[PDB]
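Colleague: Provided herewith is a single structure, encoded as structure tokens, for subsequent inquiry.
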Number of protein chains: 2
Amino acid sequence: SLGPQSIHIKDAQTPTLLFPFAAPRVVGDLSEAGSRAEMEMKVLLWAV
Amino acid sequence: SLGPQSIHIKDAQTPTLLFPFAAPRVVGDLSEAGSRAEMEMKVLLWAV
């Protein structure tokens, strides 16, 4: 809604499909592997 | 070491066995299952 009136944008949606192809992270310049080996496992499992 | 002198306690040790039977947590009065289902998986995997 702007000042004088409103704008209809998104109706309402109920999904049917789902495609979790989430690439975790492309960073390798930190020597990060100990925290990364659990953070990416978060990014897969508990996120999806 | 106290004031005047020192006390020898632990020599030095290098292990041979290892037994990780760590029970994660016995708490059930919080409705905690969403965070618990990753915290216990930490307590097993990345801790050991």
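In the structure tokens, chains take letters A, B, ... by order of appearance, with residues numbered from 1 within each chain and ligands from 1 in the order shown.
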Neighbours of region 25-38 of chain B within 12 Å (only C-alpha atoms; same-chain residues fewer than 6 positions away dropped), as a count of residues only?
Modeller: 11
Colleague: Calculate how many Å separate CA of residue 48 (chain A) from CA of residue 13 (chain A), rounding to one decimal.
Modeller: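 Taking CA of residue 48 (chain A) as the start and CA of residue 13 (chain A) as the end point, the length is 19.4 Å.
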Colleague: For CA of residue 40 (chain B) and CA of residue 19 (chain B), quote the distance in Å rounded to one decimal.
Modeller: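 Separation between CA of residue 40 (chain B) and CA of residue 19 (chain B): 17.5 Å.
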Colleague: List every residue of chain A that DSSP, applied to the backbone of this structure, assigns to alpha helix (DSSP H), and report them as a list in words.
Modeller: residues 33, 34, 35, 36, 37, 38, 39, 40, 41, 42, 43, 44 and 45 of chain A
